[PDB]
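Here are two versions of the same chain, shown separately as structure tokens and labelled structure 1 and structure 2.
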Structure 1
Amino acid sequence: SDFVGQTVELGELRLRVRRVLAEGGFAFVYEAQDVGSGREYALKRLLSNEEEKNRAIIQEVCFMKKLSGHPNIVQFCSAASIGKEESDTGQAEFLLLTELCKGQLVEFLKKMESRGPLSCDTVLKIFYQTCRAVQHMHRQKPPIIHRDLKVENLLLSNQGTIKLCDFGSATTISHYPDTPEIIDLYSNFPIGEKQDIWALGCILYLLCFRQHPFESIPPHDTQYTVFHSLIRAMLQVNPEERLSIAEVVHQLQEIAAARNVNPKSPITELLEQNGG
């Protein structure tokens, strides 16, 4: 692989591939710059030799496009595909172009470790903005379930706000039509939301206490008390007793209003630091 250095055409864009930003399973992510305009992007390149992988990749692209437009989701810019024979890999090649963020949230959190625990207001804004993204997913008809919510996948935008970008594990119901009860487009069964709520509860716990919860709230904590009932309500062992994302977001708004915080605003205490 030396995709770095190449130029890639996507519609009217001519993108110089500047460097690698991230790698792993299906895919690598690069920094790219459009020659005509100077605009900068993240370019994800996913390779497939197999029809099951084709389906998963195309599904990811559809979710990115569907969810784009929310302020806490990365913006979808464009996508393209190269057939196996016409590609330089001898594989199907998929190119997904999105907004370039400042970097991964955890890189900015590392910088704070030497200084001290995060303020409750910083936690509040990170977690609110994350939960707002998840809300936008769960409110779709039918709901889109993320299934892989983790702190290490969250991005910080250039404006200092959280962005979700990893829809490779997401799922929903296809061909949803937009005494027992006849099934209506007005259905009220959970279809995966509750596991996203649990995963978010783990994020909250980790943001406050800086340890992973499964290996209870630390008995001597008095700094993050404001979040204790939410943590307990999201980490209920029985999925059906967990809050919905609407209730989670409502509670975080109440908390923000009571703390004089606009929870949508830039997380400036991270944005003073370096992570990408």
Structure 2
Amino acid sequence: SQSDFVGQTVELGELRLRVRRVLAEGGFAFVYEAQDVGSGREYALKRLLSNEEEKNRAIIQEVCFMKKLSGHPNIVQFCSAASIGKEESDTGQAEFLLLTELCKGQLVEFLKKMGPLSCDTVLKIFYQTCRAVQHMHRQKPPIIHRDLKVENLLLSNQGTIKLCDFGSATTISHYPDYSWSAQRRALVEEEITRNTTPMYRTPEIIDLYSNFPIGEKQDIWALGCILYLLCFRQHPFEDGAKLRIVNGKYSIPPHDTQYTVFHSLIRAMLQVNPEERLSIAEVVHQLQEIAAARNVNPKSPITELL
């Protein structure tokens, strides 16, 4: 049992980790809180037991991505990883161990625990998120997260935001072409819908006859929805109406005076055509000018959430 794994001591290189708690249940791979008996340092440990080579190469690519993104203040710090051959495993299930730094918890958790959020709070939250994405798009080749939601935003022990789950990421861009046959468009949409959830789908992955590019601009749409959620406490496409996503039909609260400064960014990130959406660099620049004109350091720890 994945729950009876608590109390076990896992050896990972020089580390001898005691499994203390269950942090998350993903069905395929639990996430545990682990503590080294030789140093006392605590970690988060992801453990995959699977034979399916699709999940295996997924977590292998997941590891390589984190090593590339290591050292960034807004991305969760990679520690170590190891895999055990199916032949040599204890249960005869191929074992993969993924170890990263331990955070305080999910942003969502520390959100509902605390009237509404001030503009300075939303500014720090969103800016530190966009810095993480910016660092991913800066790589060679660029890294596209594709699974950007508030559930994947963590709050560090320092009080800053850390982006965490990179299992869905990719470095391949897809450009629907004249040479794309009618059934190729059909097969691709199936593959996307089986790996996605309605409310998080983008216009470019719903209509595959629009010839919209499917790449980096996906994240900007996701960031656009995040900023909306941070302000108005709801997803702009929560109900999952695919008719409203493709047509970009959402509604900013009519008489909202509190988050007026963010209306320009929301409208500019939620553009149906990816080629009309702001780049990640343009997003950061506008945020920095908002922070400068509000006398706020956007990289500073968010004490309100602590």
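Start at 1 and count along the sequence of structure 1; that gives the residue numbers used here. Here the rigid core means the biggest group of C-alpha atoms that line up within 1.5 Å when the two forms are laid on top of each other.
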Under a superposition restricted to the rigid core, does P190 display a Cα displacement of 2 angstroms or more between the two structures?
-> yes
With both forms fit on the core, has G90 moved 2 Å or more by CA between the two structures?
-> yes
Using a rigid core alignment, state whether the CA of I173 is displaced by 2 Å or more between the two structures.
-> yes
Can you give the C-alpha shift of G25 between the two structures in Å, rounded to one decimal, after superposing the rigid core?
-> 4.2
Once the rigid core is superposed, tell me how far the Cα of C101 moves between the two structures, in Å to one decimal.
-> 0.2
Once the two forms are fitted on their rigid core, how many angstrom does the CA of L47 move between the two structures?
-> 2.2
